[PDB]
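Listing of structure-v2.txt, compact mmCIF, N, CA and C atoms
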```
# COMPACT_ATOMS: atom_id res chain seq x y z
N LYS A 1 0.85 -1.23 0.00
CA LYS A 1 0.00 0.00 0.00
C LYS A 1 0.87 1.26 0.00
N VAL A 2 0.45 2.26 -0.77
CA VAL A 2 1.18 3.52 -0.82
C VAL A 2 0.39 4.52 0.03
N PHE A 3 0.96 4.89 1.16
CA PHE A 3 0.31 5.82 2.06
C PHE A 3 0.32 7.27 1.58
N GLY A 4 -0.67 8.02 2.04
CA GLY A 4 -0.70 9.44 1.75
C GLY A 4 0.06 10.02 2.95
N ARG A 5 0.61 11.22 2.81
CA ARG A 5 1.37 11.85 3.88
C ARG A 5 0.61 11.93 5.21
N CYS A 6 -0.57 12.55 5.21
CA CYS A 6 -1.35 12.69 6.44
C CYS A 6 -1.92 11.39 6.94
N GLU A 7 -2.25 10.50 6.02
CA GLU A 7 -2.78 9.18 6.39
C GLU A 7 -1.73 8.41 7.20
N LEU A 8 -0.48 8.46 6.75
CA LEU A 8 0.61 7.78 7.45
C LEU A 8 0.88 8.44 8.80
N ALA A 9 0.90 9.76 8.82
CA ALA A 9 1.11 10.50 10.06
C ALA A 9 0.10 10.06 11.13
N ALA A 10 -1.15 9.90 10.72
CA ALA A 10 -2.21 9.50 11.64
C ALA A 10 -2.05 8.07 12.10
N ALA A 11 -1.68 7.16 11.20
CA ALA A 11 -1.49 5.75 11.60
C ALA A 11 -0.27 5.61 12.53
N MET A 12 0.79 6.36 12.26
CA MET A 12 1.98 6.32 13.09
C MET A 12 1.67 6.88 14.48
N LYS A 13 0.89 7.95 14.54
CA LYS A 13 0.53 8.57 15.81
C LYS A 13 -0.29 7.59 16.64
N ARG A 14 -1.29 6.99 15.99
CA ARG A 14 -2.17 6.02 16.63
C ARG A 14 -1.34 4.85 17.16
N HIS A 15 -0.21 4.58 16.51
CA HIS A 15 0.65 3.50 16.93
C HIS A 15 1.71 3.93 17.96
N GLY A 16 1.56 5.13 18.52
CA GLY A 16 2.50 5.61 19.52
C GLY A 16 3.88 6.08 19.08
N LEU A 17 4.03 6.54 17.84
CA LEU A 17 5.33 7.01 17.39
C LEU A 17 5.64 8.48 17.67
N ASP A 18 4.62 9.33 17.74
CA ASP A 18 4.82 10.76 18.01
C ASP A 18 5.59 10.92 19.32
N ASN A 19 6.80 11.45 19.20
CA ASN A 19 7.68 11.67 20.33
C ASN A 19 8.21 10.45 21.03
N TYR A 20 8.10 9.29 20.39
CA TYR A 20 8.64 8.08 20.97
C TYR A 20 10.16 8.28 21.01
N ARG A 21 10.74 8.13 22.20
CA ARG A 21 12.18 8.33 22.42
C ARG A 21 12.64 9.75 22.05
N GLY A 22 11.75 10.72 22.17
CA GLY A 22 12.11 12.09 21.85
C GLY A 22 11.97 12.53 20.40
N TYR A 23 11.56 11.65 19.50
CA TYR A 23 11.42 12.03 18.09
C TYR A 23 10.00 12.37 17.68
N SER A 24 9.77 13.63 17.36
CA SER A 24 8.45 14.08 16.96
C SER A 24 8.00 13.35 15.69
N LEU A 25 6.69 13.38 15.47
CA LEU A 25 6.06 12.70 14.34
C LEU A 25 6.65 13.08 13.00
N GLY A 26 6.97 14.36 12.82
CA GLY A 26 7.56 14.80 11.57
C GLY A 26 8.82 14.01 11.21
N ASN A 27 9.59 13.59 12.20
CA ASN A 27 10.81 12.82 11.94
C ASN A 27 10.51 11.47 11.29
N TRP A 28 9.47 10.80 11.81
CA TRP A 28 9.04 9.48 11.33
C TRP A 28 8.43 9.53 9.94
N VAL A 29 7.65 10.58 9.65
CA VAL A 29 7.04 10.72 8.33
C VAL A 29 8.12 11.09 7.31
N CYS A 30 9.07 11.94 7.71
CA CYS A 30 10.16 12.32 6.81
C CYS A 30 11.00 11.07 6.49
N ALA A 31 11.33 10.28 7.50
CA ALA A 31 12.10 9.06 7.29
C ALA A 31 11.41 8.08 6.32
N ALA A 32 10.10 7.85 6.50
CA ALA A 32 9.34 6.95 5.63
C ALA A 32 9.34 7.47 4.19
N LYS A 33 9.16 8.78 4.03
CA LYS A 33 9.18 9.41 2.71
C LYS A 33 10.46 9.06 1.94
N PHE A 34 11.60 9.34 2.54
CA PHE A 34 12.86 9.08 1.89
C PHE A 34 13.34 7.64 1.92
N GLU A 35 12.81 6.82 2.82
CA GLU A 35 13.23 5.43 2.87
C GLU A 35 12.47 4.60 1.85
N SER A 36 11.16 4.79 1.79
CA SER A 36 10.33 3.98 0.92
C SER A 36 9.37 4.73 0.03
N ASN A 37 9.30 6.05 0.19
CA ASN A 37 8.37 6.88 -0.56
C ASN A 37 6.94 6.51 -0.17
N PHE A 38 6.77 6.14 1.11
CA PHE A 38 5.47 5.75 1.70
C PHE A 38 4.88 4.44 1.19
N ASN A 39 5.72 3.61 0.56
CA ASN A 39 5.27 2.34 0.00
C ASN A 39 5.66 1.18 0.91
N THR A 40 4.64 0.50 1.45
CA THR A 40 4.85 -0.63 2.37
C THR A 40 5.56 -1.81 1.73
N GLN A 41 5.44 -1.93 0.41
CA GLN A 41 6.04 -3.03 -0.35
C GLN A 41 7.47 -2.81 -0.84
N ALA A 42 8.07 -1.67 -0.53
CA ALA A 42 9.43 -1.41 -0.98
C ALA A 42 10.49 -2.36 -0.38
N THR A 43 11.41 -2.82 -1.23
CA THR A 43 12.51 -3.67 -0.78
C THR A 43 13.73 -3.17 -1.54
N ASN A 44 14.90 -3.29 -0.93
CA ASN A 44 16.14 -2.88 -1.56
C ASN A 44 17.24 -3.78 -1.05
N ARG A 45 18.01 -4.37 -1.95
CA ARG A 45 19.10 -5.25 -1.54
C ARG A 45 20.40 -4.49 -1.39
N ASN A 46 21.17 -4.86 -0.38
CA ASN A 46 22.43 -4.21 -0.10
C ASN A 46 23.60 -5.03 -0.59
N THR A 47 24.78 -4.42 -0.62
CA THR A 47 25.99 -5.12 -1.08
C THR A 47 26.40 -6.26 -0.16
N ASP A 48 26.16 -6.11 1.14
CA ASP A 48 26.50 -7.19 2.05
C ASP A 48 25.55 -8.38 1.89
N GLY A 49 24.61 -8.31 0.94
CA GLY A 49 23.68 -9.40 0.73
C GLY A 49 22.39 -9.34 1.53
N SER A 50 22.32 -8.45 2.50
CA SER A 50 21.10 -8.31 3.29
C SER A 50 20.11 -7.49 2.44
N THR A 51 18.88 -7.35 2.92
CA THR A 51 17.86 -6.61 2.18
C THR A 51 17.08 -5.75 3.16
N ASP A 52 16.61 -4.59 2.70
CA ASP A 52 15.82 -3.68 3.53
C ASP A 52 14.35 -3.85 3.15
N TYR A 53 13.48 -3.90 4.15
CA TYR A 53 12.05 -4.13 3.94
C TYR A 53 11.06 -3.14 4.48
N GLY A 54 10.08 -2.81 3.64
CA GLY A 54 8.99 -1.96 4.05
C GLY A 54 9.15 -0.47 4.11
N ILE A 55 8.09 0.13 4.65
CA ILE A 55 7.93 1.55 4.83
C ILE A 55 9.13 2.21 5.50
N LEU A 56 9.76 1.51 6.45
CA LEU A 56 10.93 2.06 7.14
C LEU A 56 12.24 1.38 6.77
N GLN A 57 12.22 0.56 5.72
CA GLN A 57 13.41 -0.13 5.22
C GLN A 57 14.24 -0.82 6.30
N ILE A 58 13.59 -1.70 7.05
CA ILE A 58 14.24 -2.42 8.12
C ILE A 58 15.12 -3.55 7.56
N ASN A 59 16.37 -3.58 8.03
CA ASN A 59 17.39 -4.52 7.57
C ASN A 59 17.31 -5.98 8.05
N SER A 60 17.51 -6.91 7.12
CA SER A 60 17.45 -8.34 7.39
C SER A 60 18.67 -8.92 8.12
N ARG A 61 19.78 -8.18 8.18
CA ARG A 61 20.95 -8.70 8.89
C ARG A 61 20.74 -8.72 10.42
N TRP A 62 20.00 -7.75 10.95
CA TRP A 62 19.78 -7.68 12.40
C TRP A 62 18.37 -7.83 12.91
N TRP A 63 17.41 -7.33 12.15
CA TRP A 63 16.05 -7.24 12.63
C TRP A 63 15.00 -8.23 12.24
N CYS A 64 15.08 -8.79 11.05
CA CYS A 64 14.06 -9.73 10.61
C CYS A 64 14.70 -10.88 9.86
N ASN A 65 13.97 -11.98 9.74
CA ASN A 65 14.50 -13.12 9.03
C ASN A 65 13.88 -13.24 7.66
N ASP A 66 14.72 -13.25 6.63
CA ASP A 66 14.23 -13.41 5.27
C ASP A 66 14.71 -14.72 4.69
N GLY A 67 15.38 -15.50 5.53
CA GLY A 67 15.85 -16.80 5.12
C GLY A 67 17.01 -16.82 4.14
N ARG A 68 17.53 -15.66 3.75
CA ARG A 68 18.64 -15.64 2.83
C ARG A 68 19.77 -14.71 3.26
N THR A 69 19.83 -14.37 4.53
CA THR A 69 20.89 -13.49 5.03
C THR A 69 21.67 -14.28 6.07
N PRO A 70 22.80 -14.87 5.66
CA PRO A 70 23.61 -15.66 6.60
C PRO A 70 24.03 -14.84 7.82
N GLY A 71 23.76 -15.39 9.00
CA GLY A 71 24.13 -14.70 10.23
C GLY A 71 23.14 -13.64 10.68
N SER A 72 21.95 -13.62 10.09
CA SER A 72 20.92 -12.67 10.49
C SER A 72 20.64 -12.91 11.97
N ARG A 73 20.38 -11.84 12.72
CA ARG A 73 20.08 -11.98 14.15
C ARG A 73 18.59 -12.00 14.51
N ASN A 74 17.73 -11.57 13.58
CA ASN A 74 16.27 -11.52 13.78
C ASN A 74 15.82 -10.97 15.13
N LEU A 75 16.33 -9.79 15.49
CA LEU A 75 16.01 -9.16 16.77
C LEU A 75 14.55 -8.80 16.99
N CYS A 76 13.79 -8.59 15.92
CA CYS A 76 12.38 -8.27 16.08
C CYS A 76 11.50 -9.52 16.01
N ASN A 77 12.14 -10.68 15.84
CA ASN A 77 11.47 -11.99 15.72
C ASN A 77 10.25 -12.06 14.82
N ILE A 78 10.48 -11.76 13.55
CA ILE A 78 9.43 -11.77 12.56
C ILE A 78 10.06 -12.02 11.21
N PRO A 79 9.30 -12.62 10.28
CA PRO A 79 9.86 -12.85 8.95
C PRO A 79 9.78 -11.46 8.29
N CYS A 80 10.76 -11.14 7.47
CA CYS A 80 10.79 -9.83 6.82
C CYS A 80 9.53 -9.49 6.01
N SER A 81 8.87 -10.51 5.48
CA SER A 81 7.64 -10.32 4.69
C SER A 81 6.53 -9.65 5.49
N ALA A 82 6.53 -9.84 6.80
CA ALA A 82 5.52 -9.23 7.66
C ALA A 82 5.64 -7.70 7.62
N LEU A 83 6.83 -7.23 7.30
CA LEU A 83 7.13 -5.80 7.22
C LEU A 83 6.61 -5.12 5.95
N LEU A 84 6.09 -5.90 5.00
CA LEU A 84 5.59 -5.34 3.75
C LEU A 84 4.07 -5.21 3.69
N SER A 85 3.43 -5.59 4.79
CA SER A 85 1.99 -5.54 4.93
C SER A 85 1.42 -4.12 4.84
N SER A 86 0.15 -4.00 4.48
CA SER A 86 -0.49 -2.68 4.44
C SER A 86 -0.74 -2.18 5.87
N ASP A 87 -0.76 -3.10 6.83
CA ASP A 87 -0.94 -2.77 8.24
C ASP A 87 0.49 -2.53 8.72
N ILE A 88 0.77 -1.32 9.20
CA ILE A 88 2.13 -0.98 9.65
C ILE A 88 2.55 -1.42 11.05
N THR A 89 1.65 -2.05 11.80
CA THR A 89 1.96 -2.49 13.16
C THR A 89 3.33 -3.18 13.34
N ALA A 90 3.63 -4.19 12.53
CA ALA A 90 4.91 -4.89 12.68
C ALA A 90 6.07 -3.95 12.43
N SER A 91 5.96 -3.11 11.41
CA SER A 91 7.04 -2.18 11.10
C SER A 91 7.25 -1.21 12.25
N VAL A 92 6.15 -0.70 12.80
CA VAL A 92 6.24 0.22 13.92
C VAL A 92 6.84 -0.42 15.19
N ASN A 93 6.40 -1.63 15.54
CA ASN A 93 6.93 -2.30 16.73
C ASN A 93 8.42 -2.58 16.62
N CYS A 94 8.83 -2.98 15.42
CA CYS A 94 10.23 -3.24 15.18
C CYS A 94 11.03 -1.92 15.19
N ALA A 95 10.50 -0.86 14.57
CA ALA A 95 11.20 0.43 14.56
C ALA A 95 11.44 0.96 15.99
N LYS A 96 10.48 0.70 16.88
CA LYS A 96 10.63 1.11 18.27
C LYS A 96 11.85 0.46 18.91
N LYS A 97 12.08 -0.83 18.63
CA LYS A 97 13.27 -1.49 19.17
C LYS A 97 14.55 -0.90 18.55
N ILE A 98 14.54 -0.71 17.24
CA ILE A 98 15.68 -0.15 16.52
C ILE A 98 16.05 1.24 17.10
N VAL A 99 15.09 2.15 17.18
CA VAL A 99 15.38 3.50 17.69
C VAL A 99 15.82 3.52 19.16
N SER A 100 15.49 2.46 19.90
CA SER A 100 15.88 2.35 21.31
C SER A 100 17.26 1.71 21.45
N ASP A 101 17.82 1.27 20.32
CA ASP A 101 19.10 0.58 20.27
C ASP A 101 20.35 1.37 20.67
N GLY A 102 20.22 2.66 20.93
CA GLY A 102 21.38 3.43 21.34
C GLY A 102 21.84 4.48 20.36
N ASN A 103 21.51 4.29 19.08
CA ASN A 103 21.88 5.26 18.05
C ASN A 103 20.72 6.13 17.61
N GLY A 104 19.56 5.93 18.21
CA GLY A 104 18.40 6.73 17.85
C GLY A 104 18.06 6.56 16.38
N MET A 105 17.53 7.61 15.77
CA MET A 105 17.14 7.54 14.37
C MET A 105 18.29 7.56 13.35
N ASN A 106 19.53 7.63 13.83
CA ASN A 106 20.72 7.63 12.96
C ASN A 106 20.86 6.27 12.29
N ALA A 107 20.10 5.30 12.81
CA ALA A 107 20.04 3.95 12.26
C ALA A 107 19.48 4.02 10.84
N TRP A 108 18.71 5.06 10.53
CA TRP A 108 18.17 5.24 9.20
C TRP A 108 18.99 6.29 8.46
N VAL A 109 19.79 5.83 7.50
CA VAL A 109 20.67 6.70 6.73
C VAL A 109 19.93 7.83 6.02
N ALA A 110 18.70 7.58 5.56
CA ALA A 110 17.95 8.64 4.89
C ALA A 110 17.50 9.69 5.90
N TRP A 111 17.28 9.29 7.15
CA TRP A 111 16.87 10.25 8.16
C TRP A 111 18.07 11.13 8.47
N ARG A 112 19.20 10.47 8.72
CA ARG A 112 20.43 11.16 9.03
C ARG A 112 20.80 12.18 7.94
N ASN A 113 20.72 11.75 6.68
CA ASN A 113 21.11 12.61 5.57
C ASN A 113 20.09 13.58 5.02
N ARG A 114 18.81 13.33 5.25
CA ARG A 114 17.79 14.19 4.66
C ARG A 114 16.73 14.77 5.58
N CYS A 115 16.67 14.30 6.82
CA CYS A 115 15.68 14.79 7.75
C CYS A 115 16.30 15.49 8.94
N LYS A 116 17.38 14.91 9.44
CA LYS A 116 18.07 15.45 10.59
C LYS A 116 18.37 16.93 10.40
N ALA A 117 18.03 17.71 11.43
CA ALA A 117 18.26 19.15 11.44
C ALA A 117 17.57 19.94 10.32
N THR A 118 16.40 19.49 9.90
CA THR A 118 15.64 20.18 8.88
C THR A 118 14.32 20.50 9.56
N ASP A 119 13.48 21.31 8.93
CA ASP A 119 12.19 21.65 9.54
C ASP A 119 11.26 20.46 9.32
N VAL A 120 11.37 19.44 10.17
CA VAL A 120 10.54 18.24 10.00
C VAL A 120 9.05 18.46 10.28
N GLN A 121 8.71 19.57 10.91
CA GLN A 121 7.33 19.90 11.21
C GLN A 121 6.54 20.03 9.91
N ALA A 122 7.22 20.43 8.85
CA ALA A 122 6.57 20.61 7.57
C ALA A 122 5.89 19.33 7.09
N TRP A 123 6.43 18.18 7.50
CA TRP A 123 5.89 16.88 7.08
C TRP A 123 4.50 16.54 7.63
N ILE A 124 4.10 17.20 8.70
CA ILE A 124 2.77 16.93 9.24
C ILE A 124 1.90 18.16 9.09
N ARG A 125 2.45 19.22 8.51
CA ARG A 125 1.72 20.46 8.32
C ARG A 125 0.45 20.22 7.52
N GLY A 126 -0.65 20.79 8.00
CA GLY A 126 -1.93 20.65 7.32
C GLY A 126 -2.71 19.39 7.62
N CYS A 127 -2.17 18.48 8.42
CA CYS A 127 -2.87 17.23 8.72
C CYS A 127 -3.81 17.28 9.93
N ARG A 128 -4.94 16.59 9.83
CA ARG A 128 -5.88 16.53 10.93
C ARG A 128 -5.40 15.41 11.83
N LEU A 129 -4.71 15.77 12.90
CA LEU A 129 -4.18 14.80 13.85
C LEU A 129 -4.85 14.93 15.21
```
Encoded form (structure tokens):
Amino acid sequence: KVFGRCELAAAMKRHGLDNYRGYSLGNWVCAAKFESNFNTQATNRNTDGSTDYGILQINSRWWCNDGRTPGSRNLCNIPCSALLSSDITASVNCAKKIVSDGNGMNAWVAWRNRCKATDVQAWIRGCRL
């Protein structure tokens, strides 16, 4: 499913992401925009052979099992395919563990490079939240 900007903001808020670990909602919507372009079905393979899955591009080397990443740790205990669902619950629950990992949202390279220190409030501007 391809989310609309405000539609995603509302689902993420309902799922407890607004200000989770200090990160306002705009940060999460900005990250999804640049990670997957709001598409739950997005996948991207990396050079190390792992693959990124879903709306938040969660990596198969540490967080989910895709059955083809040798040495995967599956920290969120879910098959990576669960992360491509139109229901974002699995992606959100796993993202909460990732952001609590000690590096915060820097775990997402697109957030670090394109959202960090920008006016992220613009991403939820105009939305009925």
Determine which residues of chain A DSSP labels as strand (DSSP E or B) from the backbone of this structure, then write them out as a compact mmCIF listing (two decimals) with N, CA and C atoms, in the coordinates of the input.
```txt
# COMPACT_ATOMS: atom_id res chain seq x y z
N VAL A 2 0.45 2.26 -0.77
CA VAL A 2 1.18 3.52 -0.82
C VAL A 2 0.39 4.52 0.03
N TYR A 20 8.10 9.29 20.39
CA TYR A 20 8.64 8.08 20.97
C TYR A 20 10.16 8.28 21.01
N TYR A 23 11.56 11.65 19.50
CA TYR A 23 11.42 12.03 18.09
C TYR A 23 10.00 12.37 17.68
N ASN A 39 5.72 3.61 0.56
CA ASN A 39 5.27 2.34 0.00
C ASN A 39 5.66 1.18 0.91
N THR A 43 11.41 -2.82 -1.23
CA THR A 43 12.51 -3.67 -0.78
C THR A 43 13.73 -3.17 -1.54
N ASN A 44 14.90 -3.29 -0.93
CA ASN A 44 16.14 -2.88 -1.56
C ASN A 44 17.24 -3.78 -1.05
N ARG A 45 18.01 -4.37 -1.95
CA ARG A 45 19.10 -5.25 -1.54
C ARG A 45 20.40 -4.49 -1.39
N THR A 51 18.88 -7.35 2.92
CA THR A 51 17.86 -6.61 2.18
C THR A 51 17.08 -5.75 3.16
N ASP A 52 16.61 -4.59 2.70
CA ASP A 52 15.82 -3.68 3.53
C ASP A 52 14.35 -3.85 3.15
N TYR A 53 13.48 -3.90 4.15
CA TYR A 53 12.05 -4.13 3.94
C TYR A 53 11.06 -3.14 4.48
N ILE A 58 13.59 -1.70 7.05
CA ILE A 58 14.24 -2.42 8.12
C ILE A 58 15.12 -3.55 7.56
N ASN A 59 16.37 -3.58 8.03
CA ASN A 59 17.39 -4.52 7.57
C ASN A 59 17.31 -5.98 8.05
N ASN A 65 13.97 -11.98 9.74
CA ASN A 65 14.50 -13.12 9.03
C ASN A 65 13.88 -13.24 7.66
N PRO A 79 9.30 -12.62 10.28
CA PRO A 79 9.86 -12.85 8.95
C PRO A 79 9.78 -11.46 8.29
```
Under the rule that only N, CA and C atoms are counted, which of A:121, A:72, A:39, A:113 is the nearest residue to residue 26 of chain A? A:121
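Take atom C of residue 85 of chain A and atom CA of residue 53 of chain A: the distance between them is 10.7 Å.
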If you count only N, CA and C atoms, which residues fall within 8 Å of residue 25 of chain A, apart from same-chain ones fewer than 6 positions away, as a VMD selection string? chain A and resid 9 12 to 13 17 to 19 31 120 to 121 123 to 124
If we count all atoms listed in the file, what is near segment 91-100 of chain A at a cut-off of 8 Å, once residues fewer than 2 positions away on the same chain are taken out, given as an MDAnalysis selection string? chainID A and resid 12 15 17 20:21 53:58 63 75:77 82:85 87:89 102:107
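Going from atom CA of residue 118 of chain A over to atom CA of residue 34 of chain A, you cover 13.4 Å.
Distance check against residue 86 of chain A using only C-alpha atoms: of A:125, A:68, A:38, A:44, the minimum falls on A:38.
Relative to atom N of residue 37 of chain A, atom C of residue 129 of chain A is found at 22.5 Å.
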Distance criterion (all atoms listed in the file): nearest to residue 48 of chain A out of A:5, A:111, A:70, A:128: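 Of A:5, A:111, A:70, A:128, the one nearest residue 48 of chain A is A:70, counting all atoms listed in the file.
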Counting all atoms listed in the file, find residues at most 6 Å from (22.5, -6.2, 5.6) (file frame) and give them as a PyMOL selection string. chain A and resi 48-51+59-61
Check the smallest atom-to-atom distance from each of A:80, A:116, A:46, A:126 to residue 67 of chain A using all atoms listed in the file, then report the winner.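 Comparing A:80, A:116, A:46, A:126 against residue 67 of chain A, the winner is A:80.
Listed by chain and then by rising number, the residues of segment 78-114 of chain A that DSSP assigns to alpha helix (DSSP H) from the backbone are residues 89, 90, 91, 92, 93, 94, 95, 96, 97, 98, 99, 109, 110, 111, 112, 113 and 114 of chain A.
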Please dump the current selection as a compact mmCIF listing (two decimals), keeping the file's coordinate frame; keep N, CA and C atoms.
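Saved file result-v1.txt follows:
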```txt
# COMPACT_ATOMS: atom_id res chain seq x y z
N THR A 89 1.65 -2.05 11.80
CA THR A 89 1.96 -2.49 13.16
C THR A 89 3.33 -3.18 13.34
N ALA A 90 3.63 -4.19 12.53
CA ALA A 90 4.91 -4.89 12.68
C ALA A 90 6.07 -3.95 12.43
N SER A 91 5.96 -3.11 11.41
CA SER A 91 7.04 -2.18 11.10
C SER A 91 7.25 -1.21 12.25
N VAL A 92 6.15 -0.70 12.80
CA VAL A 92 6.24 0.22 13.92
C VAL A 92 6.84 -0.42 15.19
N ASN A 93 6.40 -1.63 15.54
CA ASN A 93 6.93 -2.30 16.73
C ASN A 93 8.42 -2.58 16.62
N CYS A 94 8.83 -2.98 15.42
CA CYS A 94 10.23 -3.24 15.18
C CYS A 94 11.03 -1.92 15.19
N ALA A 95 10.50 -0.86 14.57
CA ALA A 95 11.20 0.43 14.56
C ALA A 95 11.44 0.96 15.99
N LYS A 96 10.48 0.70 16.88
CA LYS A 96 10.63 1.11 18.27
C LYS A 96 11.85 0.46 18.91
N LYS A 97 12.08 -0.83 18.63
CA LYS A 97 13.27 -1.49 19.17
C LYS A 97 14.55 -0.90 18.55
N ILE A 98 14.54 -0.71 17.24
CA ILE A 98 15.68 -0.15 16.52
C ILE A 98 16.05 1.24 17.10
N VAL A 99 15.09 2.15 17.18
CA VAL A 99 15.38 3.50 17.69
C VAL A 99 15.82 3.52 19.16
N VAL A 109 19.79 5.83 7.50
CA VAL A 109 20.67 6.70 6.73
C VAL A 109 19.93 7.83 6.02
N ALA A 110 18.70 7.58 5.56
CA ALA A 110 17.95 8.64 4.89
C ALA A 110 17.50 9.69 5.90
N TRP A 111 17.28 9.29 7.15
CA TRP A 111 16.87 10.25 8.16
C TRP A 111 18.07 11.13 8.47
N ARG A 112 19.20 10.47 8.72
CA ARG A 112 20.43 11.16 9.03
C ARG A 112 20.80 12.18 7.94
N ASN A 113 20.72 11.75 6.68
CA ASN A 113 21.11 12.61 5.57
C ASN A 113 20.09 13.58 5.02
N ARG A 114 18.81 13.33 5.25
CA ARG A 114 17.79 14.19 4.66
C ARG A 114 16.73 14.77 5.58
```
